[PDB]
Amino acid sequence: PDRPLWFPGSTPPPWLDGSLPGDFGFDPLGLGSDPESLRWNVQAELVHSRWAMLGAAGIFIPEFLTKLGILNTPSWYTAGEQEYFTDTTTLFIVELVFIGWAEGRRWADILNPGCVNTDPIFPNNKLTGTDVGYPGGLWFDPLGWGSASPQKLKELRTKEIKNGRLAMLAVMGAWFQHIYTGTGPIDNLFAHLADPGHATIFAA
Amino acid sequence: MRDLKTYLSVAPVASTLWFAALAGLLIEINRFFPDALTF
Amino acid sequence: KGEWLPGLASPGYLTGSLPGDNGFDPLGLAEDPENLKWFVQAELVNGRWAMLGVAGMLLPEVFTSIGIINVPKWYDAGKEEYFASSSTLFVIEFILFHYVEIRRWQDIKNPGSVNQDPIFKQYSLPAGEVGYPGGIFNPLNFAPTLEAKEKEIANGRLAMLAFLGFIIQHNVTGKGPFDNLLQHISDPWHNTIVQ
Amino acid sequence: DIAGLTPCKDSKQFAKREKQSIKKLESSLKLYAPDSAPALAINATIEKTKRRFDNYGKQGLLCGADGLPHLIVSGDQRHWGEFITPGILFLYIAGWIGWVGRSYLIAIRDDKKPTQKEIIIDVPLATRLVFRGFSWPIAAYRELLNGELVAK
Ligand code: CLA
Ligand SMILES: CC(/C=C/C=C(C)/C=C/[C@@]12O[C@]1(C)C[C@@H](O)CC2(C)C)=C\C=C\C=C(C)\C=C\C=C(C)\C=C\[C@@]12O[C@]1(C)C[C@@H](O)CC2(C)C
Ligand SMILES: CC(/C=C/C=C(C)/C=C/[C@@]12O[C@]1(C)C[C@@H](O)CC2(C)C)=C\C=C\C=C(C)\C=C\C=C(C)\C=C\[C@@]12O[C@]1(C)C[C@@H](O)CC2(C)C
Ligand SMILES: CC1=C[C@H](O)CC(C)(C)[C@H]1/C=C/C(C)=C/C=C/C(C)=C/C=C/C=C(C)/C=C/C=C(C)/C=C/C1=C(C)C[C@H](O)CC1(C)C
Ligand SMILES: CC1=C(/C=C/C(C)=C/C=C/C(C)=C\C=C\C=C(C)\C=C\C=C(C)\C=C\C2=C(C)CCCC2(C)C)C(C)(C)CCC1
């Protein structure tokens, strides 16, 4: 409510208090001005953050070890085009039925916040989350680190969304660098570390 | 934003978006299954 | 009663009264109560024929594969020669169904109006629900309970799906349903919609 | 065959037409280097021409003396793909559009200023009616049977 803003001296939009984690008053196009949309965009930002972080660590760490020798994992940009134990199109069907189910229940939870906290096969199992986007329970917060004081939950979720935002620019950078340069990300960083003033986005 | 969403719903705007989507659909059906005279 | 989609608002005309109510009418086919009444009977009769047919399609193929009988595949049995011409069979099938189905029809239009024998006018079905004639159609006197009706409808919905599978699977693999299953068990990760 | 025609798969003028057509494109093809973008493109047209002619032959289309397919719409069961079948599909879609269209005018007809939802689409309402079209034969038949479809 008196927090640092993405634009010091500017005035934050009325729909952004500071009660949301990662609230820095940035929405110059009013994409979240309607409260119904702002709640949907929070959930969309949360899942974009969590997929980007898994994706970032899934392309930066494995490529970081193959550039050496600890791993031999192929280029992240081409790992999809190679063949596996079954064909790629069977893996995609198994992915949809498995991810669609998990996505379906998350969807139901967004539109009806308490309806899917109970295990449909063994109704003894239950999730523990109170807020949409933080399902809790044993399967997603087995340590109990998700249930804390609202002061710590504000920071912990701000750490969550900040790491997810950075990961989003990073993953999108890894996709763009691989097309403008011609190698992997670990190569780009060393090249820029070999000569910082010249080995950049300029080649001409 | 709600004013903008109202404008985006006005007859001409909703028509181009509807017919654009329609044209794309019919074009791609014709790229995938061209020269269909029967059925 | 049940939810086909946990957390989704059931249509308001699906009130938990019909066996098999799981709130599933997303396209609103049954909002008009008279559609609902007719579709209940239509689901019962399609599900009952699917159960007879799917059993008649799958189970004989299973018992040939075992070797206790040897009968044609279901999509070949029409070719076989029978004591009567197939056009003769069809005419008697038409005449017998025409009588029996108009009678089922009258009871939908006018419940109870056709429960008595028209020839031996001393015999009669007892009063009951449409689509559940009972009496001589229930000679073992099973209680037509809610649970029984719900199992009837679940089995009918599954057989209807299975019949859909037999049809599409045959026009894609040329073989028969128990064949598709045995072939799939062989090495499943390679024969699964690769055709 | 029907109407003195012959199957396009047996028709000499049909085959001549494919041949004259490919020869036309090959006269243009020979202008360009074989790797070039125009060569690939003209070749793409050529293969599509070949796919088309074999496809019409395999679908059972009858041809006239002109070497062109002629459609049989009379009802004959060997030619339902030429009218009955795409026609059922047209009526199904056309009725869907009209039934949805009527659903929207009825939904807004008792509103305060009804012409306001006619020049500014209530898109939320429309997304809720758009799938009423899937069952228009049953819904329209039902409104008929109980006096709801036509006014007196
Ligand atoms: C809800 C839409 C709708 C419906 C159900 C009908 C239905 C009918 N019209 Mg009508 N009509 C419409 C819109 C509609 N019309 C519009 C917009 C115009 C202006 C161009 C006309 C002009 C028109 C003429 C000039 C004639 C008819 C006639 C007829 C009758 C015979 C069928 C016919 O000729 O179609 C003809 C259809 C058209 C000429 C054009 C309409 C097609 C548009 C694209 C459909 C409406 C789209 C609408 C925007 C949907 C928005 C819904 C969304 C918000 C959810 C039938 C009662 C004829 C008749 O009276 O016969 C008895 C006749 O002579 N109509
Ligand atoms: C960054 C992007 C979002 C950027 C959007 C921001 C800027 C929008 C900013 C604004 O809207 C605001 C806020 C307010 C408005 O007023 C103004 C604007 C300016 C409009 C999301 C990317 C989201 C990117 C995420 C979702 C991608 C996850 C990808 C994972 C799954 C990848 C997995 C794999 O990479 C591995 C791990 C290994 C490989 O070998 C194989 C594969 C499969 C490739
Ligand atoms: C009749 C039944 C099949 C009976 C077949 C039997 C007699 C076969 C007999 C024979 O085999 C023998 C024994 C011997 C063989 O030699 C020959 C034949 C002659 C072949 C199939 C019905 C099959 C019935 C089908 C599968 C019905 C599926 C419809 C479902 C999916 C509708 C879903 C939804 O409609 C809801 C409910 C509401 C909406 O809101 C949403 C949507 C999605 C629209
Ligand atoms: C009323 C009466 C009265 C008296 O009193 C008494 C009594 C006698 C008791 C009664 C009678 C009754 C009876 C008749 C019953 C019958 C039933 C059956 C038929 C069922 C089926 C039932 C049916 C069923 C469900 C069906 C199911 C099916 C399945 C899923 C299938 C699967 C399949 C698939 C697809 C394909 C592959 O490849 C193969 C398989 C895997 C194999
Ligand atoms: C078969 C055939 C044929 C013929 C045909 C005929 C001859 C027909 C006729 C027809 C007729 C003679 C008709 C009539 C009709 C009438 C009327 C009376 C109608 C009306 C309608 C309505 C009323 C509608 C409504 C609606 C709907 C339903 C939906 C949409 C919307 C609307 C509203 C429009 C031919 C040879 C071609 C071909 C082959 C096949």
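Lettering follows sequence order; numbering is per chain, from 1. Every heavy atom of this structure was used, including side-chain atoms; hydrogens, water molecules and symmetry mates were not.
In terms of modelled atom types and a separation under 3.5 Å, the side chain of D:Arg17 and the main chain of D:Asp66 share a donor-acceptor contact.
Interface remark: D:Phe83 contributes no atoms to any contact with chain B (heavy atom separation under 4.5 Å). With a 4.5 Å cut-off on non-hydrogen atoms, D:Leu61 touches chain B through its side chain but not through its backbone. With a threshold of 4.5 angstrom between heavy atoms, D:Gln59 approaches chain B through side-chain atoms but not through N, CA, C or O.
Enclosure of atom CG in D:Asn146 by more than 12 non-hydrogen atoms of other residues, nucleotides or ligands within 6.0 angstrom is indicated. The number of heavy atoms from other shown groups lying within 6.0 Å of CG (D:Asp110) does not exceed 12.
Between D:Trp99 and D:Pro137, every side-chain heavy-atom pair lies at or beyond the 4.5 Å cut-off. With contacts defined as side-chain heavy-atom distances shorter than 4.5 Å, the pair B:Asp35/D:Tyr56 qualifies.
Taking a cutoff of 4.0 Å between a charged side-chain nitrogen and a carboxylate oxygen, D:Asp111 and D:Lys117 qualify as a salt bridge.
For residues 10-26 of chain B, a heavy-atom distance under 4.5 Å to chain D picks out B:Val10, B:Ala11, B:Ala14, given by residue number.
In this structure, CD1 in D:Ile72 is found 5.0 Å from CD1 in D:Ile2, a value given to the nearest 0.5 Å. A distance of 9.5 Å separates CZ of B:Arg2 from NZ of B:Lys5, quoted to the nearest 0.5 Å.
Considering only heavy-atom pairs separated by less than 4.5 Å from chain B, the leading option among D:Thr85, D:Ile120, D:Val123 is D:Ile120.
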